[PDB]
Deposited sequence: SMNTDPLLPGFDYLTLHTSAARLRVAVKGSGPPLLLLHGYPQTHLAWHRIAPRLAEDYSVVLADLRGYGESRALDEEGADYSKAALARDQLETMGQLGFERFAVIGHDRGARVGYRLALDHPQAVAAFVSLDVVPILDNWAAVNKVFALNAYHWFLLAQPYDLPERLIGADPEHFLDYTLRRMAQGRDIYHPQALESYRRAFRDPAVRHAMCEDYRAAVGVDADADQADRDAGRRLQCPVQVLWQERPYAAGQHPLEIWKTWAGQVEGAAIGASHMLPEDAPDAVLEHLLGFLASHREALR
């Protein structure tokens, strides 16, 4: 079975970036945003079904995959959110739904906060806002997510370390994120590997993690200060695991948005690849139930 049958591969030229996009379908627009250390191919088990009923846009985040900044570039979520407005606008959409996984969900919620008239509906796949993540840091968090702290160290420490044997570190990371499950299509994996072998991609990824510590967290705090919330329907699909008090993802998203629903999914953090049929059932139901929002 082919990867992304019928998707058309584009390169969009925006103000600050050259962005890889893959498109298919007609109907209401959906923008799907992958995470780390991946590319748009992470959507290969979900996007074709969606494209039966919707206009589907898959993008490589700035610096990831085949997308690149034109320069000391800005790799903050706010910058990558602007890339999405420009990308969708070029394609003919002023308003659209956003489905994000991992770093993509972080771009997505920032986009929804800053541009509430553009974002029709928002789905987070196993992500809460960075503000909430930082408040939860303890010994166990920092051991589990050691890379959040390594990749945020000043330039060029982590670039040196991860750049020595890049494919080894990429593969290790993917296995660890999948909890050892065999979820990576071997051809998707060669695309992930090729990107991670590019020093510019590894640098962009460190810059993402640096932004998460700094400007991205400042942005989230300023919204919390203002009482600024996502204005669209929100769905969160989370990994089935125990959540400490105040850390349940549904509870968290209800502090950020007035219209929130969600479900636990039995799988790893890698929801697009690990649990595509469970994700699809939820996504399709959510999009159907909020068809007015999409208008």
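By the record, the deposited chain contains unmodelled runs at 1 to 4, 76 to 77, with no C-alpha atoms placed there.
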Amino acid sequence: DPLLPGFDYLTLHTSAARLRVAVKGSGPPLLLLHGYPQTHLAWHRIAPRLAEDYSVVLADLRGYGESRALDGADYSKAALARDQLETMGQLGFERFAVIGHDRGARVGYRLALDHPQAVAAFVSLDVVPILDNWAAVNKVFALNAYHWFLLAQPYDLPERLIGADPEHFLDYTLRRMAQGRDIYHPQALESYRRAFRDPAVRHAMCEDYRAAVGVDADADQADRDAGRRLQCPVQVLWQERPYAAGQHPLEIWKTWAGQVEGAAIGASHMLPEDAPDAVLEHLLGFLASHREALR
From here on, numbers count along this sequence of modelled residues.
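Higher mean CA B-factor, judged across 111 to 119 and 126 to 134 from the recorded values: 111 to 119. The mean Cα B-factor in the deposited entry runs higher for 222 to 230 than for the other of 30 to 38 and 222 to 230. Of the candidates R103, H168, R193, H203, it is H168 whose Cα B-factor is highest according to the PDB record.
The top Cα temperature factor in the record, among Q239, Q247, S55, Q235, falls on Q247. When the CA B factors of the chain's modelled residues are split into thirds, the value for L143 lands in the lowest one.
Ranked against the other modelled residues of its chain, the C-alpha B-factor of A212 as given in the entry falls in the lowest third. Per the deposited record, the Cα B-factor of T173 falls in the middle third when ranked against the other modelled residues of its chain. Compared with the other modelled residues of the chain, the Cα B-factor recorded for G285 ranks in the highest third. Per-chain ranking of the deposited C-alpha B factor places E273 in the lowest third.
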